[PDB]
Protein chains: 2
Amino acid sequence: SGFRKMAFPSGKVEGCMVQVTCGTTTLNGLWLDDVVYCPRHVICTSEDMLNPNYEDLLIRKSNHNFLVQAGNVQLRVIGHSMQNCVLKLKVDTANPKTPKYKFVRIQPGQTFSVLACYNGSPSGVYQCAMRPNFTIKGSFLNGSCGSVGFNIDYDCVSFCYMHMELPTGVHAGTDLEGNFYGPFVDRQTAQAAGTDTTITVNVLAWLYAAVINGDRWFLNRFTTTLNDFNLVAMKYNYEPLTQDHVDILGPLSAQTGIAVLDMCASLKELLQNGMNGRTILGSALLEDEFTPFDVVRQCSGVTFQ
Amino acid sequence: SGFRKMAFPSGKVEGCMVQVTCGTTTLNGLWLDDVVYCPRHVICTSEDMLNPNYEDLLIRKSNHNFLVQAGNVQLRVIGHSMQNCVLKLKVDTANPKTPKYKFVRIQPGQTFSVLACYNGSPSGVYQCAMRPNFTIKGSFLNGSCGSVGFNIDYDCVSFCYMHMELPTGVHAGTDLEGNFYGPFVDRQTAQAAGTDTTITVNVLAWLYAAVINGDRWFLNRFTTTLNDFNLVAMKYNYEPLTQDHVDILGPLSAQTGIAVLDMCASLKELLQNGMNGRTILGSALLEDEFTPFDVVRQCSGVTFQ
Ligand SMILES: O=c1[nH]cc(-c2cc(-c3cc(Cl)cc(OCCc4ccccc4)c3)c(=O)n(-c3cccnc3)c2)c(=O)[nH]1
Ligand SMILES: O=c1[nH]cc(-c2cc(-c3cc(Cl)cc(OCCc4ccccc4)c3)c(=O)n(-c3cccnc3)c2)c(=O)[nH]1
């Protein structure tokens, strides 16, 4: 019993964090096999940030200008290249703590764990989600650039996120191939996020989690249709629900005996009437950063090693 | 910017989790140096649980009846003893991944990270707090017994929590010396929790976190006194605020320029009028599982290794 915002165990990723220094800038890198990955703006000064020409700035950098420190392990840089918005530094030592891993570009709505690091040292871990406007609502301070987000399937780490804080206080970054999520660029120039809508399939998954845990007050006598529900979602800035989403919710439907469309009718009533000062799973608002997989994992206890 | 429920990086503790089997029961143990710590009800059957005499049940157990597996490392048990409600198993190998650690008995209101484990394998990490009734609102399934809670100061792991789920769905356990928090006993017999009050000093710390992050709508024109505020806390099942608590909040007071007693007056108005459908740091209720230290760490970026 109980339902918590739960991150993956971070140990497999902690062994990969290093500090990367170029001139006077220091941020975090990801050391996997004999390559170190970090944001390319490590080569910039605060002044370079307004309109950086990264190809031109890289001309004046050689291997020995990049200092990489793994704790106190000093790493020798033997090559460097730029791939989209990440720098890839070839070092002469394979990381002996490299886990089984893959790089994945996640879709909006998907969740992941963040290991926030500073000066190459992990400081905390938390859960968040790729928002529909391709920002994340993280917790990051200066020096956190190069911190990574990931999921873990048994023994394999799936890295999905690595760059900046917008003036609005939300966060933008890349996949591990260096392509930004959404339209953001690594330049200090006007960029605004776009509508932050609610991840409907995740809210439904969390209502199923609530039923499994005994929070049942929101179940009602009604049902609805996909098209009728989606009219309501549009009014409340909820993402449309698709048949694919209904199928993904099938296992939770089968565990609880509540058809997806009946749960949609409960969500519809919650969106139109509010929670009336009540709570669900300890929350006074509808939570949208648990995926269906998140709910099954935490309500079934799958494990990783 | 941003404020998240943030756990410590779990890697130092992951290397200490093992599986402990006795007869047909399997749960988690903590392997530190050459000792394995686990809940003593590993020696019980489901029937033993109603009224177990642990001293008598232990008579029929020898070293070879305890199977300890560290991943696939098979550990040889060379001694066993019972300390209060934990079993201590002496093994013939020191854990090479033992971190610097201490055992600490925490006070109600204090927070810690939980590494939920099953069959000796970590499955997720989250934050929670010792409630004033000495339960914790965890997320645990069958097989999670022996999972531990901890804090980390730079390189030293402070283990504070290790046992059962009450019929109400909240959780009870011991410190690493085997003494339960609060009045609970490791027996399947009627036990009820006691009033769950709100941790006032933590709520104030979280309001300071909100101000630091730009959530300022709840700041008002008023102030109050310690005695006047505490009359309001009592009415709303909030813990009394002491002068010691005011001093602990001093650094946040100094960072924001808001006297503690003015912040109390803002909290008073929030308790009497509610949030009026607004949110603070993404929450529609007053959050009480961030300590003042939690707020400073996350708003200053302290790091651990
Ligand atoms: O030695 C270092 N110098 C700099 C950083 C660093 C750099 C940035 C950074 C990097 C770039 Cl290309 C651009 C940028 O502004 C773009 C967003 C924007 C748009 C419009 C107006 C203003 C801003 C910001 C940053 O956000 N942060 C940051 C701050 C808080 C949370 N997360 C990231 C940190 C670092 O870790 N190390
Ligand atoms: O092989 C194993 N057998 C058993 C366990 C186990 C044992 C218990 C357990 C252990 C004891 Cl002495 C007593 C007990 O009931 C006491 C609380 C209570 C009071 C009144 C009525 C009912 C209950 C419960 C448990 O909660 N859980 C549990 C369940 C969910 C979350 N957390 C813990 C697990 C295990 O991990 N391995």
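Protein chains get the first letters and strands the later ones, always in sequence-line order, with residue 1 at the start of each.
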Problem - Side-chain heavy-atom pair B/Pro9, A/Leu115 within 4.5 angstrom cut-off - result: yes
Exercise for the section: Take B/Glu14 and A/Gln305, measure what side-chain contact (heavy atoms from CB on, under 4.5 Å) needs, and give me the verdict at the end. Expected result: CA-CA 9 Å; B/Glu14 294 167 49; A/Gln305 264 193 335; over 6 Å; no
Please determine, among [options], the option with the most heavy-atom pairs under 4.5 Å with chain A.
options: B/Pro122, B/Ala284, B/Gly11; value: B/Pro122
options: B/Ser113, B/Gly2, B/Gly143, B/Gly277; value: B/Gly2
options: B/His171, B/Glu165, B/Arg297; value: B/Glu165

Can you check whether [Y]'s main-chain N or O pairs, donor with acceptor, with [X]'s side chain at less than 3.5 Å?
X: B/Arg4; Y: A/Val125; result: no
X: A/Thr303; Y: B/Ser121; result: yes
X: B/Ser10; Y: A/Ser10; result: yes

Problem - Gap separating the CG atom of A/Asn142 from the OG atom of B/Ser1, nearest 0.5 angstrom - result: 11.0 Å
Handout entry: Distance in Å, B/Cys128 SG paired with A/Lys5 NZ, rounded so as to fall on 0.5 Å steps
Key = 15.5 Å
Exercise for the section: Please list, in residue-number order, every residue in residues 148-161 of chain B that has a heavy atom less than 4.5 Å from any heavy atom of chain A; write 'none' if there are none. Expected result: none
Practice task
Of all the heavy-atom pairs spanning B/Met6 and A/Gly124, show the shortest one and how long it is.
Solution key: CG-CA, 3.7 Å
Practice task
Taking all non-hydrogen atoms of both residues into account, name the closest pair between A/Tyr118 and B/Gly301 and its distance.
Solution key: CD1-O, 4.0 Å
Problem - Region of A/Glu289 in contact with chain B, defined by heavy-atom distances below 4.5 Å - result: side chain
Practice task
Can you establish whether the number of heavy atoms outside A/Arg216 located under 6.0 Å from its atom CZ is more than 12?
Solution key: no
